[PDB]
Structures are given as structure tokens and as C-alpha cells.
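For reference, the chain that follows is the form solved without ligand RT2, supplied as C-alpha cells.
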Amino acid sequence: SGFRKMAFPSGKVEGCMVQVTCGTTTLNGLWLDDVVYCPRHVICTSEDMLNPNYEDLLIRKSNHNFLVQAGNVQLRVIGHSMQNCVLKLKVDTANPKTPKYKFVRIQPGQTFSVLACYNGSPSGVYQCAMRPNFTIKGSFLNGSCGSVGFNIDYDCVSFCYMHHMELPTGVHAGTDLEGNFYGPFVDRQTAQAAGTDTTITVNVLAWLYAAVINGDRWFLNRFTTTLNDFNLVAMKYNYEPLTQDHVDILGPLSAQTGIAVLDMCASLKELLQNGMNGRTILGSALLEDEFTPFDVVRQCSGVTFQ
């Protein structure tokens, strides 16, 4: 028992981090086979970033412009190319530590693990979710660009996130590993608003099933409710609509615990409408939404990866 914000084992990814240096700029890159992936604003200079023409800035540059460092070993660029917002440097050496991987583009509500990096050396790993507004509340400092988010399935690393920029409010924006931003943000240094967020409802219900699996039960009641009456209350508390699909996803969690999904909904209703009165759920005084129903199944059962 116990429940923790748990991140995938980061080993498979650590073997792919490199330092990428163009001009006066230095950021992180992801090295898979003979290709290194990094943000395209590695080619921006300082007085560029206000409105740069990347296509144009890149045709000015040559291969020897890109200092790629793989540990203390200088990797040789033999080609470059842009793809949406990511740069791709093709190098002479293939990375022998290349795991079986995939590039996947995730939906808001999905969680992943971030390996925060500086000069291609890992600093830490932590668990994030993609917020309904395509921001993520990460922990990133200068030089953290090109750190990646990922999920691990058996022996496969699903890459889903690369880091690019910090938004005035201190949240973070980034791209998939083909270079398409999440949300409406751009790698230009003009004003950009995150957009108002909501609470990932399906996930708070998943976390309440984790609590019940763990002996916390003070919050279940006899009351039931309907999706409609439940979605009318969520909106006031600015949660996200619960679909027929979320009810379905939460099926095995309901079956493991004997609480009908819609019974757990009327329990969240009462929580939003009455607070917590000093009580806490899984060691938390807030309603917690960065756990998927997949996260709860995996942690509360014992699924590993090879």
C-alpha cells in the first residue's frame, strides 16, 4: 500500500541526452539512432527571438555550426533539417543506447514523466500532466530546453513532450517530438496567455478510487447522481465535463472497489460543495488530478517494465 506521484524509471531516456550548442546558445537534445532532436530556437540569437524567420535563419547555417556533445565525446553533424518547431541534426555515429521507442502525441489529461536536464546531464525526474490548456506545471530553469516527457510501456519509450518556453505565469509550453506545439503557443518572444485552466475531472475520480483502495473511506456516501446532475455541479466548480467515455475508463477501478462510478461522482459532488473540513485524502488537502485511471491501476497492482 501507499500512493505516490510516481515517475517511470528514467534509465532508457538518460542514455539519449546530449548537449547541443549553436552560436551563443546551449540546450538539450534527444539522440535516437543517428538523429539528434532539439528546439529550433537553438539557431536564434538574442536580438532575433522577438520575431524570427526560422526557415530563413536556418538556410544561413552550416553543419559545423552545431556543437553536439555526447558526454565528453563530440558528435559530427552531417546534415540538418527543420520539422515544424524541432531541429533534426543527422550525425555520423548511431546511438548504441537507443531504446525501442515511439513518438506519440497525447491528449490533455494524460500524464508523463519529465527528465529535467542541463547541458545534456539529467538533474531529476518528476511526474506531470498535460493541462486542459496545453500547459504543464513543470520545474524548469535556464538551459532546460530539449528535456523531454515520456511514458514507458513494457520496453518501449513513448516520447510525448519536448520543452521550449516558460509562460509569464510560470507554467510551461513545449511540443511533441515532431515539433508541433501543444496549444496555441509559438517559439517567438511576444505576449502569450496560457488560457484559463479547468480540473481534469476523470482523474480526480481515479484518485478517489486510489484512496478507497488504500483504506481512506471517510468520503463515500449513500447518495447517487446522474451524469447530467453531476455535470451541472462540476461546471460551477470549473471541473471538466465527465463523458460516457470517462465512466467507461473508470470501469475496472469501480469493479475493484465495489463503488459504482456514478456513486463516486455523488461523492465528489459533496466534496466540492462541502470542502474537506480539515480531513485529507491520500495525504493531501486538495483534490488531486494528475493521476490517470491508468496510473492508479499500475501503482496499485505492481506493473513493471523491461
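For every residue, the number given is its place in the sequence shown, counted from 1.
There is another form of the same protein, the form deposited with ligand RT2 bound; it is not shown, and what comes next is about it.
Residue contact with ligand RT2 in the bound PDB entry: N65 places no heavy atom within 4.5 Å of it. In the bound PDB entry, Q69 stays away from ligand RT2, with no heavy atom inside 4.5 Å. Heavy atoms of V233 never reach within 4.5 Å of ligand RT2 in the bound PDB entry, leaving it off the interface. Mapping the unseen interface onto this chain, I213 counts among the residues with a heavy atom inside 4.5 Å of ligand RT2 in the bound PDB entry. Contact here is defined as any heavy atom lying within 4.5 Å of ligand RT2 in the bound PDB entry, and by that definition not a single one of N221, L271 and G275 is a contact residue. For the partner-free chain shown, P252, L253 of 216-253 come within 4.5 angstroms of ligand RT2 in the bound PDB entry, judged by any non-hydrogen atom.
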